[PDB]
Structures are given as C-alpha cells and as structure tokens.
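Here is the structure we will look at, set down as structure tokens.
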Amino acid sequence: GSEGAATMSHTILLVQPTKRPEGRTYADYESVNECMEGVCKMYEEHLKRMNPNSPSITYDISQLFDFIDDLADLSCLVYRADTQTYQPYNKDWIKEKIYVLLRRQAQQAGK
C-alpha cells in the first residue's frame with residue numbers, strides 16, 4: 001500500500017552503430033541515469049558472455065566507451081521542464097553521465 005508522490009522527466013535513449021535504419025532503436029526512461037543505464041548495459045551484456053562468473057561484472061569505465069566510438073553516433077534527449085523541450089546531446093555527454101551513473105550507483109553518499 002502507501003502512496004506518496006514523485007515526478008520525473010521523460011528521457012530517450014537511442015543507439016546508432018552504422019548509418020542504416022536497421023539496427024537503430026530508441027527507448028524511454030524516467031530518470032537520466034536510467035537512460036544511460038541502457039547504454040552501459042550494452043557493454044555489460046557484451047561482457048557477461050565474456051565473463052560468466054561475473055556476478056556483477058567489472059571493467060574499466062573507459063574501456064566501455066571504447067565501444068561507444070565504434071558506433072556511428074550516440075545521442076540522448078533530455079527533457080527540461082524549464083521549457084519542456086528535448087535537447088539532442090552527443091555521446092560524450094552520455095559517456096559522461098554513464099560514468100557518473102556508476103558513481104552514484106555505487107555509494108557516493110546515499111541519502
């Protein structure tokens with residue numbers, strides 16, 4: 001039961017390895033971190049196969065981005081209630097959030 005309150009934004013996650021339309025797909029999330037999550041996953045899943053025992057996986061956060069480059073171009077849409085609009089960012093912006101997404105994901109503070 002119980003029901004408080006909490007508002008979030010609508011982020012969009014897409015992936016573009018090549019130029020062809022067949023391969024690129026978009027997703028939807030609530031938080032920015034989550035959005036990025038879909039990205040990191042890309043690697044994780046790709047790691048799983050490589051690391052079976054890997055219960056939680058583990059690798060260089062930079063080595064993960066080594067796969068983001070291979071792609072054609074990674075982008076993300078951030079919704080700013082400010083003007084209720086979506087700003088098309090670059091992969092770098094994602095390569096940054098993701099990293100930070102792993103920062104908090106760990107501990108950081110834990111409020």
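Residues are referred to by chain and number: the chain letter is A, B, ... according to the order shown in the structure tokens, the number counts from 1 in that chain, and ligands are numbered separately from 1 in the order shown.
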For range 93-96 of chain A: contacts at 8 Å, only C-alpha atoms, fewer than 5 positions along chain excluded, given as a VMD selection string:
chain A and resid 36 65 68 74 to 76
Find the residues around residue 18 in chain A up to 6 Å (only C-alpha atoms counted), leave out those fewer than 2 positions away in its own chain, and share them as a CSV table (one decimal) with N, CA, C and O atoms, in the first residue's frame.
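Output contents, as saved in selection-v1.csv:
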```csv
chain,number,residue,atom,x,y,z
A,16,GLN,N,23.0,4.2,-32.5
A,16,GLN,CA,23.3,4.3,-33.9
A,16,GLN,C,24.7,3.7,-34.2
A,16,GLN,O,25.7,4.5,-34.1
A,20,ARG,N,22.7,2.8,-41.5
A,20,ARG,CA,21.4,2.1,-41.9
A,20,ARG,C,20.4,2.3,-40.8
A,20,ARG,O,20.7,2.4,-39.6
A,72,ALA,N,28.1,4.5,-34.7
A,72,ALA,CA,28.0,5.6,-35.7
A,72,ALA,C,27.9,6.9,-35.0
A,72,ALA,O,28.6,7.9,-35.4
```
Find the spatial neighbours of residue 26 in chain A, counting only C-alpha atoms, within a cut-off of 9 Å - ignore same-chain residues fewer than 5 positions away - and output them as a list in words.
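Residues meeting the cut-off are residues 12, 13, 14 and 15 of chain A.
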From the options A:31, A:80, A:41, A:48, which residue's atoms come nearest to residue 64 in chain A, counting only C-alpha atoms?
A:41
For residue 19 in chain A, work out the shell of residues within 10 Å, counting only C-alpha atoms and skipping chain neighbours fewer than 2 positions away, then give it as an MDAnalysis selection string.
chainID A and resid 16:17 21:24 71:73
Quick one: pull the distance between CA of residue 97 in chain A and CA of residue 57 in chain A, Å, one decimal.
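Separation of CA of residue 97 in chain A and CA of residue 57 in chain A: 19.1 Å.
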Name the residues of range 15-59 of chain A that fall into strand (DSSP E) according to DSSP on the backbone, using the chain letters and numbers of this document, as an mmCIF file with N, CA, C and O atoms, in the first residue's frame.
```cif
data_model
loop_
_atom_site.group_PDB
_atom_site.id
_atom_site.type_symbol
_atom_site.label_atom_id
_atom_site.label_comp_id
_atom_site.auth_asym_id
_atom_site.auth_seq_id
_atom_site.Cartn_x
_atom_site.Cartn_y
_atom_site.Cartn_z
ATOM 1 N N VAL A 15 20.424 4.307 -30.145
ATOM 2 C CA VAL A 15 21.728 3.761 -30.483
ATOM 3 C C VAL A 15 21.876 3.713 -32.005
ATOM 4 O O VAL A 15 20.993 3.216 -32.702
ATOM 5 N N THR A 25 17.626 1.834 -32.606
ATOM 6 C CA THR A 25 16.392 1.747 -31.844
ATOM 7 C C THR A 25 16.394 2.770 -30.707
ATOM 8 O O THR A 25 17.453 3.147 -30.209
ATOM 9 N N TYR A 26 15.196 3.189 -30.329
ATOM 10 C CA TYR A 26 15.046 4.162 -29.260
ATOM 11 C C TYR A 26 14.325 3.548 -28.058
ATOM 12 O O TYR A 26 13.568 2.591 -28.207
ATOM 13 N N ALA A 27 14.585 4.126 -26.894
ATOM 14 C CA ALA A 27 13.970 3.649 -25.667
ATOM 15 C C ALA A 27 13.390 4.836 -24.897
ATOM 16 O O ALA A 27 13.529 5.984 -25.320
ATOM 17 N N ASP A 28 12.753 4.521 -23.779
ATOM 18 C CA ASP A 28 12.152 5.548 -22.945
ATOM 19 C C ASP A 28 12.447 5.244 -21.475
ATOM 20 O O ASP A 28 12.426 4.085 -21.061
ATOM 21 N N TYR A 29 12.717 6.304 -20.727
ATOM 22 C CA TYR A 29 13.017 6.164 -19.312
ATOM 23 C C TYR A 29 12.437 7.331 -18.511
ATOM 24 O O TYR A 29 11.869 8.260 -19.083
#
```
Please measure the separation of CA of residue 101 in chain A and CA of residue 56 in chain A, giving the value in Å to one decimal.
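So the two atoms, CA of residue 101 in chain A and CA of residue 56 in chain A, lie 15.3 Å apart.
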Given the choices A:77, A:3, A:47, A:109, which gets closest to residue 30 in chain A if the distance is worked out from only C-alpha atoms?
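With only C-alpha atoms as the atom set, the closest residue is A:77.
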Selected residue of minimal separation from residue 44 in chain A among A:6, A:61, A:78, A:106, counting only C-alpha atoms
A:61
When you draw a straight line from CA of residue 105 in chain A to CA of residue 40 in chain A, how long is it in Å?
12.1 Å
